[PDB]
Amino acid sequence: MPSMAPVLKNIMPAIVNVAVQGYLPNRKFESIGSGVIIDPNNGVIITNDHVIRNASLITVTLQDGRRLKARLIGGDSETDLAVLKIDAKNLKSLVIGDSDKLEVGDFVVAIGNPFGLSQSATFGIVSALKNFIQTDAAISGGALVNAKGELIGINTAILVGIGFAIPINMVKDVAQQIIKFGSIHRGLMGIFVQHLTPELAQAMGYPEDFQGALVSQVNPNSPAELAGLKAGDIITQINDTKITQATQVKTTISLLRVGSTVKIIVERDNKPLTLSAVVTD
Amino acid sequence: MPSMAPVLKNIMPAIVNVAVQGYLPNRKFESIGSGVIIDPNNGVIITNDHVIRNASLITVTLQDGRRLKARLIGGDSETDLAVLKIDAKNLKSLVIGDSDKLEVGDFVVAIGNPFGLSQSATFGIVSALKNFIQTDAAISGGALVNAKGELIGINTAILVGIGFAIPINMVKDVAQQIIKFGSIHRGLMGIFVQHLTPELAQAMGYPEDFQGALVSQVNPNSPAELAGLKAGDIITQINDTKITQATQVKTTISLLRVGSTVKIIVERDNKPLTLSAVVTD
Amino acid sequence: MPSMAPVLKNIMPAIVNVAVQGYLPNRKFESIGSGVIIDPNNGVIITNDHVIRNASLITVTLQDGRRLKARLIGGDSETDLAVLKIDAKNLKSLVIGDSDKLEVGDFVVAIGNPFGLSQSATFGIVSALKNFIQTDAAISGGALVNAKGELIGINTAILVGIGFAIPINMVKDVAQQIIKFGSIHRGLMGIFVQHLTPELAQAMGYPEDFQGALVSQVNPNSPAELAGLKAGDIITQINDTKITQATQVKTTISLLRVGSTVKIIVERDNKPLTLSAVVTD
C-alpha cells in the first residue's frame, strides 16, 4: 500500500504560511500564500513575487505555529520568485534535489499552507519541461517534490489540469543572486549580470573609475558560454553601445533580431576581447 | 505495473446506484446518486442527505442489477450523511478501515455508480484533514478507499481539483446513532445527545418523570471528556438553563462566546455534578 | 521512488505533432493536434477526425523534428478516428497492448505533442468502460498507455476531471478497415460491412453481376455472431428490403425498434440462409 505520507511528514516543517497586510497604492487588502525555507541558518524563505506585491506588512506563520515578522530581501517578477528572511531559531529544513534529474512522467506532490492555525497536498507528474515545469498536480510559492520527496520545484499559479512550477536550480540561482545583491537582472543568452560597483571594481584589482556590466554568472551551454563568456567578465561594450550600465545589455539586446552576429567586448584579466556571439528565437 | 483494479474488483459489489423519484414541494424530479452498504446483514446503505431530500420514492439498483425498494432510516444534513435500509438477501460487503490512520499523501480512489444498468473510479491523495477529508480525486455518497482498498471515507460533493469526503469513523458514529434512534443531534464539545425518553429514563433505574438531555456519546479528547463528561450522563442543567430538552444544549451553547467558563450539571449514578467546562473558537 | 519516465522515454518517438493548414468552407485556419504511428513500415499515423476536418494541407512534425507531408487515408467520425500515411524512413514505433485486459483502477498516462519544436504527459486511471474508455487523466489523438507503458488507447477530447479514449483494439479494427478500403461503415449488432465490388464479388468465386452488402467482420459475442453471422457473408436481404447497398443495413436497421425479431438472408458458400436475429436498446 505505497503512500506519500512518509516523505510528506518529513518535508512539511519547512512550509510556511505567508500573510501580506498591504495597502493598494493610490484600499487595504490581505494577500496570503505559502512559502518555503531553503536556508534554515540564515532563515531564508522563498515565495511568490505577487504575494508580497504592495506589502506594508509581511508575516510568516510557521508550521509549529510561530507567527513571525519577515523581511523582503528581494524579488523576481521575471520568474515570479521572491526572497525573504525571517530572524529566528530552531528552524528545520528538508532536502533539495536537482531539477536537472527531472524526467517527465516522474511523480510529484505539490504542498502548501493556505490557512495559518493547516497543511495541503496534491498529486500528479512532471508533464512537460518547456523555463517552466508543467504538471497535472493542482495549484503556490509552495514546495514541489519528487517521488523521493525531495524539493525539486517551487509553485507559481498563473492565468484545467495544468500546474506550473519553477525548477529549484533556477530558483537557487535567483535567490543566491538576490541575497548577494539587490540582484537578479538576467540578460543575454542565459547570463546574469550585475552593476559593477566601485567596491567590486577595485575588489577585483581594477580601478574605481572603471566601468562596464559585470557578468555575474554564465549558465552552461548558453550561447554566451558558447560565445566565450564567463562569470567575472565585465562587458565593456556590446557592439557600438558603450556598456557602462548593467541593464543596457538587455535593452541593447532586445532591440536586435534573431540570427544576428553580435560583438561583446568583455574585459577579462585586464585585457579587451571581442566575442563572436549569436541571438536566437 | 501496479494497479488499483485488484482491490477495486473486491470493493465494487457493495456499491449501489440510488434513484429518488421525488416531487418538489409546493414539479417532479429524479435526483440520483450512489451509495454504500456498510452492514450487509441488516442491509444498511449510506448515501448523501441531499439525494433523498424530497424523496417520495427511493430505489436502489444493486451492482448485480437487483433494482430495489429502500427505506429512509435517517439523515444528517449537519454532515450531509443519510442512512437507509433495503430488505434483501445474498448481500456482499467489503472492508471498512479506520480514518484515524489517514495521513495526507495517502493514496485514495473515489468510487461510484452514476448509471444503473455502470461503475466509476477516480484517483488522488488525502490532501488535507481540516471535520472534512480533502482530496485531489474527482467528484458522491460513494466509497473513498485507501491504497489497501479499505473503506476509509464517504464522498460529498459541495459548491477545481478539490474532492471532499467524510471519515468512515465519523460516518459510523452518525449511522449507528441514527439506527438506534430518530437520532444524531450533536451539541457541545464533540458530544452526541439524545432525548431522555421515559423508556430510557427508567431503563437506567431512573424515574419516568425525570428529565434532562441524555449524553449519548462523548468523543475522546473533546472538551466535554476534558470537562469530565461521559456517555450515559443526563445533562440536567447547563448553567441557569434547566435542560429538559435535548436540543437546548445546542441553542443554549450557540448563544455563548468562546473562552467562556460553563457549568454543566450532569446527573450520574443518581447524584448531581457541576462540571468545569470551556467553549472554543 | 517509482516513476513513469522510464516507459515514457520508450514510447515518445512514436508521437507526432499534426498541423492542418485548412480553409473553412464557403476564412483560413490552422487546426493542430497530436497523433501516433501504429505501423512504422507503411508509416501509418492515427489521429482525430476533427483535426483533419477541412484539411487543405496536412503536415506531421516528428519527435526528432522532421516536419513532413501526410496523406489522409481515411476517417471515422462515428468514433472520431482518422487514418493517415506519411512516406518516410527510420521510423520508430512502440508497443501496442490489448484493451480487453483493461480493468478500471489501472494506471494510465495520456501523452501528446501540442507544440512542434515539445512533449506532454498526464496521469490518472481507467475510470469506467461504458464504446468509450473513461479516465481522470487530463486532455488528443495521442497515446493512452498502461502502467506497463503499452499503447492501450487513443485520446479524443469531447464537450471536469473526465478524460476519454478509444480502445486500441477498436482503433485497430477501423484503421485496418480504412486501410483495406474506403472503409469503415459499421452496422448491425457489432458488424462491419463494406460494398461488394465486382472485383470482390468474383474474387470469391461469385459473379460480377451479383449483389449484397459484404459482411467484412463480425465482432465476437455480437448478436450477429449470435445470429449466426460471419465475415465474408453477403447480406442479400434484411427482411423485405433487398440489400444491394452497403449502407442499407444501417438505414434499414435504424428504422426498427428494440426487441424485434429480424430476418437476414445472408449468402454463404453459394447458398441462401435466413438468420434469426434480434435488435437491442
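Protein chains in written order, with our numbering: chain A, 45 to 325; chain B, 45 to 325; chain C, 45 to 325. C-beta atoms are modelled at their ideal positions from N, C-alpha and C, and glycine is treated no differently.
- When Cβ pairs closer than 8 Å are counted between the two stretches, the segment 219 to 233 of chain A is seen not to touch the segment 211 to 224 of chain B, the count staying below three.
- For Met248 (chain C), the nearest beta carbon of chain A is not closer than 8 Å to its own beta carbon.
- Within the segment 133 to 144 of chain A, no residue has its Cβ closer than 7 Å to any Cβ of chain C.
- The three-state secondary structure of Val302 (chain B), taken from DSSP, is coil.
- Measuring C-alpha to C-alpha distances from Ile183 (chain C) to each of C:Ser47, C:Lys315 and C:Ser78 identifies C:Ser78 as the nearest.
- With contacts defined by Cβ atoms closer than 8 Å, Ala63 (chain C) and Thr103 (chain C) form a contacting pair.
- Its chain contains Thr103, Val104, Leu106, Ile130 and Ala132 as the residues whose beta carbon lies nearer than 7 Å to that of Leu112 (chain B), once the 5 sequence neighbours on both sides are disregarded; these appear in chain order.
- For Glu252 (chain B), no alpha helix (DSSP H) encloses it, and the DSSP letter there is neither H nor E.
- In the DSSP annotation of this structure, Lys216 (chain A) is not part of any beta strand (DSSP E); the continuous alpha helix (DSSP H) holding it starts and ends at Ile212 to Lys224.
- Rounded to the nearest whole angstrom, the C-alpha separation of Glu269 (chain A) and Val306 (chain A) is 14 Å.
- Interface residue (Cβ-Cβ distance to chain A less than 8 Å): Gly207 (chain B) is not classified as such.
- Comparing C-alpha distances from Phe254 (chain A) to each of A:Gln281, A:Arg230, A:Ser121 and A:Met45 shows the shortest one belongs to A:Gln281.
- If you ignore the 5 residues before and after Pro267 (chain A), its C-beta comes within less than 7 Å of the C-beta of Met233, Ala321, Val322 and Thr324, all in its own chain and listed in chain order.
- Residue state for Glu269 (chain B) is assigned as helix, using DSSP reduced to three classes.
- Boundaries cannot be given for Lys133 (chain A), as no alpha helix (DSSP H) includes it and DSSP labels it neither H nor E.
- For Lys192 (chain C), the chain B residues whose Cβ falls inside 8 Å of its Cβ are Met45, in order along the chain.
- Separation of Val218 (chain A) and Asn92 (chain B) (C-alpha to C-alpha, rounded to the nearest whole angstrom) is 50 Å.
- In this structure, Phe167 (chain A) and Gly207 (chain B) do not form a Cβ contact; the two beta carbons are roughly 12 Å apart against a cut-off of 8 Å.
- Where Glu74 (chain C) is concerned, the enclosing beta strand (DSSP E) starts and stops at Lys72 to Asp83.
- DSSP places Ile117 (chain B) in the strand class (E or B) of the three-state scheme.
- Using a Cβ-Cβ cut-off of 8 Å, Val148 (chain C) counts as an interface residue toward chain B, since at least one Cβ of chain B sits closer than that to its own.
- Per the C-alpha coordinates, the member of C:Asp313, C:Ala245, C:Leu203 and C:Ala187 positioned closest to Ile212 (chain C) is C:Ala187.
- Between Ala209 (chain B) and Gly197 (chain B), the CB-CB gap stays under 8 Å.
- Cβ proximity to chain A below 7 Å picks out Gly168, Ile169, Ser171, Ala172 and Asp180 from the segment 159 to 183 of chain B.
- In this chain, the alpha helix (DSSP H) harbouring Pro242 (chain C) covers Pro242 to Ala247.
- Separation of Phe151 (chain C) and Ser164 (chain C) (C-alpha to C-alpha, rounded to the nearest whole angstrom) is 17 Å.
- For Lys53 (chain C), the enclosing alpha helix (DSSP H) covers residues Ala49 to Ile55.
- Boundaries cannot be given for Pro264 (chain A), as no beta strand (DSSP E) includes it and DSSP labels it neither H nor E.
- CA-CA distance, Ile81 (chain C) to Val88 (chain C), rounds to 6 Å.
- Counting other Cβ atoms within 10 Å of its Cβ, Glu194 (chain A) reaches 16 or more and is therefore classed as buried.
- By the C-beta density criterion, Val204 (chain B) is exposed, having fewer than 16 other C-beta atoms within 10 angstroms.
- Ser227 (chain A) and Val51 (chain B) have their C-alpha atoms some 54 Å from each other.
- As DSSP reads the structure, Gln238 (chain C) sits in a beta bridge with C:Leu258.
- Separation of the CB atoms of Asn157 (chain C) and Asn61 (chain C) is rounded to 4 Å, and the pair is thereby assigned contact status at 8 Å.
- Between the alpha carbons of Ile140 (chain A) and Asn199 (chain A) lies a distance of about 14 Å.
- Residue state for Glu194 (chain B) is assigned as coil, using DSSP reduced to three classes.
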